[PDB]
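Residue-level listing of the chains:
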Amino acid sequence: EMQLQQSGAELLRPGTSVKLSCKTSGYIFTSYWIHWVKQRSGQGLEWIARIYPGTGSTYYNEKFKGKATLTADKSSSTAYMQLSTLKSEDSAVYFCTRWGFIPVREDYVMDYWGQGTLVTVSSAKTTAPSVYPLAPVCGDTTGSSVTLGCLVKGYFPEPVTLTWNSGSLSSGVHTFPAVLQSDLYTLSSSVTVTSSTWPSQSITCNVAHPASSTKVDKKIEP
Amino acid sequence: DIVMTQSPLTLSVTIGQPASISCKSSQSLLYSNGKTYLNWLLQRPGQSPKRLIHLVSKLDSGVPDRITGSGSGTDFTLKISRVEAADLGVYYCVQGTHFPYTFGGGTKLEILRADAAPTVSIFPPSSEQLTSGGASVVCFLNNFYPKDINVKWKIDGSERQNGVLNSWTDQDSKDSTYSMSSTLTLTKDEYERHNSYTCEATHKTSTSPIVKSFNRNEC
Ligand SMILES: C[C@@H](NC(=O)CCCP(=O)(O)Oc1ccc([N+](=O)[O-])cc1)C(=O)O
Ligand SMILES: [Zn+2]
Ligand SMILES: [Zn+2]
Ligand SMILES: [Zn+2]
Ligand SMILES: [Zn+2]
Ligand SMILES: [Zn+2]
Ligand SMILES: [Zn+2]
Ligand SMILES: [Zn+2]
């Protein structure tokens, strides 16, 4: 089972630099080219560079010479991409991929991709979120089924992890994308259950914000 | 650099119907060895991109043959013979014939399903929040279709445009509907000075606005 694991989200100050990692397993690391791709604001892909770990040979897209530096550690099967002097345009999600094109066969083998690493370039301060339970009053939807909610607001930077009842409750859950306003993000999630389940059995909202080491559980009480 | 143009930007297709996406290049993609390095990738919501086709028409392993690709020179086409729910996502054509490799802008494929009316739930501020001096009124508009919807907040009869924060989910791969959250934030002081809080929506499924509100008082 071929896998590529990338490092977690990064908050970087303008003008500094970061080294992203792409740890692979399940295949002979030295025999395949590893490519790095950039994704800005949803749909908008750009090819950065490629490296053949076996020899250290790299090819760069002109736009990225000086911006990106690719390296590979054969002993740990890890590919690295260092981004230098970060600015506005560098905020994006970066993917590494064992693309699969075999130059000598002029054909391809399956492409495997990492999960992506989000890089946020900002000088705004890290702020822990405030988690608020949303119990119905009019958002009861009458009888039959009732929907509860969880409001996570005033945090920086992304991401935040929100689960219901530690992951047990996954059906009928809607988690909305965070929206930035005044240097802070707001996020919300709704859960619809039947009138019989709640209030009878408890529903709890679990929130985690790694950047600030905040972990909070809020029970939805009537 | 080679400019790759994709059309349409978005396509709405019902399950079981065919779909085709176009990709045009500013240079011929015929490489000097006689091969044409044109690939098609699919990026599903919340997933990394995945290659569906290579060399214009060759399918990658594990890709359903309902997907086919064709074209040559500067014009290429990806066709899906019969659309399934799993086809939801953004399709991209990417060329590797000229350096540097360049991508098309993407085509979003969305599942056209029957009209669905939003289920609306409104929530007053929690005690927790009021204690801190803030007050957010939340309105969830769940499982509707089409995505086109307009929400307005009205406090005691007049529209409130400031302090509103909206967010939409992408299309759900289980029922093909969309969901939206709307949060109105005020100070605790101003919240306790008003009475009626109304979340009002406009949607194709109704000739009159879809309403959800509450009156704050005491007891
Ligand atoms: C002249 C030249 N081109 C080639 O050798 C052919 C490469 C074709 P490939 O599909 O691998 O290009 C891609 C397309 C896309 C991506 N990608 O999206 O990661 C990677 C590679 C060269 O590189 O010297
Ligand atoms: Zn092939
Ligand atoms: Zn060329
Ligand atoms: Zn040439
Ligand atoms: Zn008034
Ligand atoms: Zn008045
Ligand atoms: Zn008023
Ligand atoms: Zn009044």
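Residues numbered from 1 in each chain as written, not as in the entry; some residues may be left out. Chains lettered and ligands numbered in written order. Heavy atoms only, no water.

Visitor: When you look at the overall build of chain B in this model, what are you seeing that I'm missing?
Guide: For chain B, the count of helices and strands is two helices and 19 strands. Taking 219 residues into account, the globule formula puts the C-alpha radius of gyration at 17 Å, and chain B, at 24 Å, lies well above it. Judged by the C-alpha coordinates and their principal axes, chain B covers about 80 × 35 × 30 Å. Buried positions account for 52% of the 219 residues belonging to chain B. Contacts in chain B between residues far apart in sequence, at least 24 positions, make up 58% of those at least 6 positions apart. Working note: accessible area of chain B is about 9800 Å², and carbon and sulfur atoms make up 48% of it. (Helix = DSSP H or I, 4+ residues; strand = E, 2+ residues; numbered from the N terminus. Rg over C-alpha atoms; globule rule 2.2 N^0.38 Å. Buried < 20%, exposed > 50% of the residue type's maximum accessible area, 1.4 Å probe, protein only. Contact = heavy atoms within 4.5 Å. Areas by Shrake-Rupley, 256 points an atom, 1.4 Å probe, with all protein chains shown as cover.)

Visitor: Sorry if this is basic, but what is going on with the layout of surface pockets here?
Guide: Of the voids in this model, the second largest pocket is the one considered here, and its volume is about 520 Å³. What lines the second largest pocket is a set of 26 residues, among which A:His35, A:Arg50, A:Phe101, B:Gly96 and B:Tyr101 lie closest to the centre. Mapped onto the lining of the second largest pocket, the elements with two or more residues apiece are strand 4 (34–39) and strand 5 (45–52) of chain A together with strand 4 (38–43) and strand 9 (89–95) of chain B. Residue composition of the lining of the second largest pocket, grouped by class: 16 nonpolar, eight polar and two charged. (1 Å grid on protein atoms, 1.4 Å probe; cavity = no way out; pocket = protein on both sides within 12 Å on 5 of 7 lines; lining within 4 Å. Points joined across faces, edges and corners; volume = space filled by probe spheres on them. Nonpolar A, V, L, I, M, F, W, Y, C, P; charged D, E, K, R; others polar.)

Visitor: Mind showing me how you'd approach the site of ligand 1 here?
Guide: Taken together, 15 residues are adjacent to ligand 1, and A:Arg50, A:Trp99, A:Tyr108, B:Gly96 and B:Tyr101 come closest. Each of chains A and B places residues near ligand 1. Between ligand 1 and A:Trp99, the relevant distance is 2.9 Å, taken from an oxygen atom to a side-chain nitrogen or oxygen of the residue. Contacts to ligand 1 include A:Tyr108, whose side-chain N or O atom sits 2.6 Å from an oxygen atom. Protein chains bury 87% of the 580 Å² of accessible surface belonging to ligand 1 in isolation. Under a 2 Å grid-point criterion requiring more than half of the atoms, the pocket assigned to ligand 1 is the second largest pocket. Here the residues of the shell around ligand 1 are counted per class, giving eleven nonpolar, three polar and one charged. (Near = heavy atom within 4 Å. Polar contact = N/O pair within 3.5 Å; in protein donor to acceptor, adjacent residues only side chain to side chain. Sits in = over half its atoms within 2 Å of the grid points.)

Visitor: Is there a simple way to think about the packing of aromatic side chains in this case?
Guide: Aromatic ring pairs are described here by two measures, namely the spacing of the ring centres and the angle between the planes. The final tally for this structure, using the stated rule, is 18 aromatic pairs over all chains. Considering the side-chain rings of A:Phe176 and B:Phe140, the 5.4 Å spacing of their centres and the 10° angle between planes classify their relative orientation as stacked. With A:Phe176 in the loop between strand 17 (173–175) and strand 18 (179–181) and B:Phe140 in strand 13 (residues 134–144), this residue pair bridges two chains. B:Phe140 shares its class with A:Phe176; the two are buried. Positioned above the aromatic ring of A:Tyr80, the side-chain terminus of A:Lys19 is 4.2 Å from the ring centre. The ring centre of A:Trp99 lies 4.4 Å from the NZ or CZ of B:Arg51, which sits over that ring. (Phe/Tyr/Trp six-rings, centres within 6.5 Å; stacked < 30°, edge-to-face > 60°. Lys NZ or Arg CZ within 6 Å of the ring centre and 35° of its normal.)

Visitor: What is the right way to read empty space enclosed by the protein from this model?
Guide: Taken as a whole and assessed by the stated rule, the structure comprises one cavity of 30 Å³ or more. Approximately 60 Å³ is the volume found for the largest cavity. Around the largest cavity, the lining residues are A:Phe176, A:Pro177, A:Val179, A:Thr186, A:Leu187, A:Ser188, B:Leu165, B:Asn166, B:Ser167, B:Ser181 and B:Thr183. Mapped onto the lining of the largest cavity, the elements with two or more residues apiece are strand 19 (184–194) of chain A together with strand 16 (164–168) and strand 17 (178–187) of chain B. Of the residues that constitute the lining of the largest cavity, the class distribution is five nonpolar, six polar and no charged.

Visitor: It is not clear to me how the nonpolar core should be interpreted in this structure. Could you clarify?
Guide: In globular proteins that are soluble, nonpolar side chains generally tend to be buried together. Residues and elements named next belong to chain A. One finds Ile34, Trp36, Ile48, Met81, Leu83 and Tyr94 to be the most contacted residues of the largest nonpolar core, which totals 26 residues. Put simply, the parts of the chain that give this core at least two residues each are strand 3 (18–25), strand 4, strand 5, strand 7 (68–73), strand 8 (78–83), strand 9 (92–98) and strand 13 (117–121). Excluding residues that lie within four positions of it along the chain, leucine 83 makes contacts with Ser17, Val18, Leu20, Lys67, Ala68 and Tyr94. (Core = buried A, V, L, I, M, F, W, Y, C linked by side-chain atoms within 4.5 Å.)

Visitor: I would appreciate a short explanation of the domain arrangement of chain A in the present structure.
Guide: Interfaces are often described in size by the accessible area the parts lose on coming together. Residue and element names in this part refer to chain A. What the domain assignment lists for chain A is domain 1 (1–123) and domain 2 (124–222). For domain 1 versus domain 2, the distance between C-alpha centres works out to 34 Å. Domain 1 puts six residues into the contact, and the matching count from domain 2 is six residues. When the two sides are added together, the surface that domain 1 and domain 2 hide from each other amounts to roughly 430 Å², 58% of it contributed by carbon and sulfur. Across the domain 1-domain 2 interface, the total number found is zero salt bridges. (Domains from an automatic or database assignment. Buried area = accessible area lost by both parts, 1.4 Å probe. Salt bridge = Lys/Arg side-chain N within 4 Å of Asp/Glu carboxyl O.)

Visitor: How should the sheet that holds strand 1 (residues 4–7) of chain B be read in this particular structure?
Guide: Within a sheet, neighbouring strands are paired by backbone hydrogen bonds and run either parallel or antiparallel to one another. Residue and element names in this part refer to chain B. If you trace the four strands from one edge of the open sheet to the other, you get 1-3-8-7, paired in antiparallel fashion. The open sheet terminates on both sides in strands that have one partner only, identified here as strand 1 and strand 7 (67–72). When the angles between neighbouring strand axes are averaged without regard to direction, this sheet yields 15°. Pairing geometry for strand 3 (residues 19–25) and strand 8 (residues 75–80), over six bridges, is antiparallel. If you follow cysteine 23 over to strand 8, its bridge partner there is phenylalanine 76. (Pairing = 2+ DSSP bridges. Axes fitted to C-alpha atoms, helices over the stretch in contact; angles between N-to-C directions.)

Visitor: I would appreciate a short explanation of the pairing of strand 6 (residues 57–60) of chain A in the present structure.
Guide: For a regular strand, side-chain orientation follows a simple rule: the groups alternate between the two sheet faces. Residue and element names in this part refer to chain A. Two elements, strand 5 and strand 6, share four bridges in a ladder whose sense is antiparallel. Across the sheet, residue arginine 50 finds its bridge partner in strand 6, namely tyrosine 59. The antiparallel pairing of strand 5 with strand 6 creates a hairpin that spans four residues between the two strands, and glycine 56 there sits at a positive phi of about 90°.

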